[PDB]
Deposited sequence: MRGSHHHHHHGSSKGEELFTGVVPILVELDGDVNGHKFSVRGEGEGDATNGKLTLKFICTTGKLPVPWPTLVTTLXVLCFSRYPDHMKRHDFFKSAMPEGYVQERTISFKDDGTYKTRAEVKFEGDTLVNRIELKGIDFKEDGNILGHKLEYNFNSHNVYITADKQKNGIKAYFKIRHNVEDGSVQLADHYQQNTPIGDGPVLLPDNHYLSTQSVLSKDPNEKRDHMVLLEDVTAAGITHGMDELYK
């Protein structure tokens, strides 16, 4: 157990702030809600504060707080994300969309007061203007995934590897290959994990009285051991 884990005991407010620029189409997203790490549960509504989101909402789910993952008792000694709190961690990804562009993201995840804040910069390049992403051809849904986590001893953080398959409106799938690196912001000790999985489940919806372009997300995330965590 870490000291940082103690910050997660009950329900914690979350603020997510994302500035994006994909093929020169700029946007901002703000997320508001709460996290319950005991149960591995997140409740968030995200609004595009610049008006129309120029990419599909499902392509931003992974970018838009793994510190709310439920680590079973016997895996708590492997929970990097909470151990890095309150000072927090940097999270970087390259997300490669098969036969289309790439997103590069850099986020800082830390507490500000009693709120957990995820502040992200996203830059996408090499997208097709007519493709599945800039052409909004993806279905509004998000399937369950398995994130593979490994220690990065030299950086005293973690790497993660996973694939997201987004359903396309014509019945095809759009792959998005995720490469991820996390490093702590503070100088204090953290917990480095053995290899494991995070098992994820996500429900996307709309708030019927919300006029702005938005996404309501319910997410469940639980850590799982190495033998069966792939499915």
Check your understanding: Which segments of the deposited sequence lack C-alpha coordinates in the modelled structure, numbering from residue 1?
Key -> 1-11, 76, 244-247
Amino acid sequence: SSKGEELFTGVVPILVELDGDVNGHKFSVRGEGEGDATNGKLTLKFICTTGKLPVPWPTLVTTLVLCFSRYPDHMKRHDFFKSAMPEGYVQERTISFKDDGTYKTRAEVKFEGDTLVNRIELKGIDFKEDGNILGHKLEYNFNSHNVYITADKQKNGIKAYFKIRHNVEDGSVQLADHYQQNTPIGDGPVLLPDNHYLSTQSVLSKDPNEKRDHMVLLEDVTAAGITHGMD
From here on, numbers count along this sequence of modelled residues.
Practice item. Could you check which stretch, 177-185 or 163-171, carries the larger mean CA temperature factor in the entry? Key: 163-171
Practice item. Between 216-224 and 11-19, name whichever shows the higher mean Cα B factor according to the PDB entry. Key: 216-224
**Study point:** Given 115, 118, 105, 143, the residue at which the Cα B factor reaches its maximum
**Key:** 143
Study note, to complete from the structure: Listed options 155, 93, 82, 110: highest C-alpha B factor recorded at 155
Exercise for review: Ordered by C-alpha B-factor within the chain, which third holds residue 88? Give me lowest, middle or highest, please.
Suggested key: lowest
Exercise for review: Using the B-factor values recorded in the entry, state whether the Cα atom of residue 149 falls in the lowest, middle or highest third among the modelled residues of its chain.
Suggested key: middle
**Study point:** Where the record places residue 193 (Cα B-factor, split into thirds across the chain)
**Key:** highest
**Study point:** Modelled-residue ranking by C-alpha temperature factor, third containing residue 201
**Key:** highest
Revision key, fill the gap. Binned into thirds over the chain's modelled residues, the C-alpha B-factor of residue 38 lands in the highest
